[PDB]
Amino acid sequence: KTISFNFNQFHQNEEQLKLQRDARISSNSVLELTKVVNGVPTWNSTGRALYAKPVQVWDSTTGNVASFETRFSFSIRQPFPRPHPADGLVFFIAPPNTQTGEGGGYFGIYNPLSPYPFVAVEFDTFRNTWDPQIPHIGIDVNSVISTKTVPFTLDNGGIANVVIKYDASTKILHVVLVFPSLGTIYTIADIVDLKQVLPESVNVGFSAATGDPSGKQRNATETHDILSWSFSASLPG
């Protein structure tokens, strides 16, 4: 029961996507998760983008869980080096029809006053009390406190290619981050049992957030643009 799709660019007001909060599609077709005005990224911003149709990751009847592969390119430009950019972006899987969560270090996927389960791969740029040095790739399950973490050096404003893959048979979720201009490769993997954390049908998308006002630092910001995206899932049941 293979479901797939592929965006090589985002057309003005896509009918296939659900934009939430600050998330919007620029004129030259890039998906801007967080707010940016007159070419400058703003603080206190939060946006999500979900694929309109829900996907089935597992079937209670057969018991089978799906295997999927997703690839996307993103770009994070950090105009203000000091004191520290924030907060990063995540690719995530959550239950259908959920609301944007807390911003800042929560990327907009975690909501303390009404937590919903989720699996996410984060590209963290700000170091919270629970974070290892940044920037880092992290694998998150129901929490923003990563199970596994790996550090990476960002290519400011450059392009990044990400490949996230999940094998239902081995339950291995491996992610690859490549910065073509620098020729650097970062890899990370962990075991995650989707069947054990998520409902049969879920939503897949991105979420990002800039510096929280409580930090009292307007320079705590950056862009979180998604250039293209393809997803593919195969449920044998």
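Numbers follow the displayed sequence, beginning with 1.
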Can you let me know which of the two, 180-188 or 36-44, has the higher average C-alpha B-factor in the entry?
36-44
Of 191-199 and 171-179, the stretch whose C-alpha atoms average the higher B-factor in the entry:
191-199
Comparing C-alpha B-factors across 142, 75, 100, 114 in this entry, the winner is 100
Which is it among 70, 61, 210, 207: the one with the largest CA B-factor in the entry?
61
Could you place residue 223 in the lowest, middle or highest third of its chain by Cα temperature factor, using the values in the record?
middle
Give the position of residue 81 by CA B-factor within its chain, expressed as the lowest, middle or highest third.
highest
Quick check for you: using the entry's CA B-factors within this chain, is residue 232 in the lowest, middle or highest third?
middle
Once the chain's modelled residues are ordered by C-alpha B factor and cut into thirds, is residue 110 in the lowest, middle or highest one?
highest
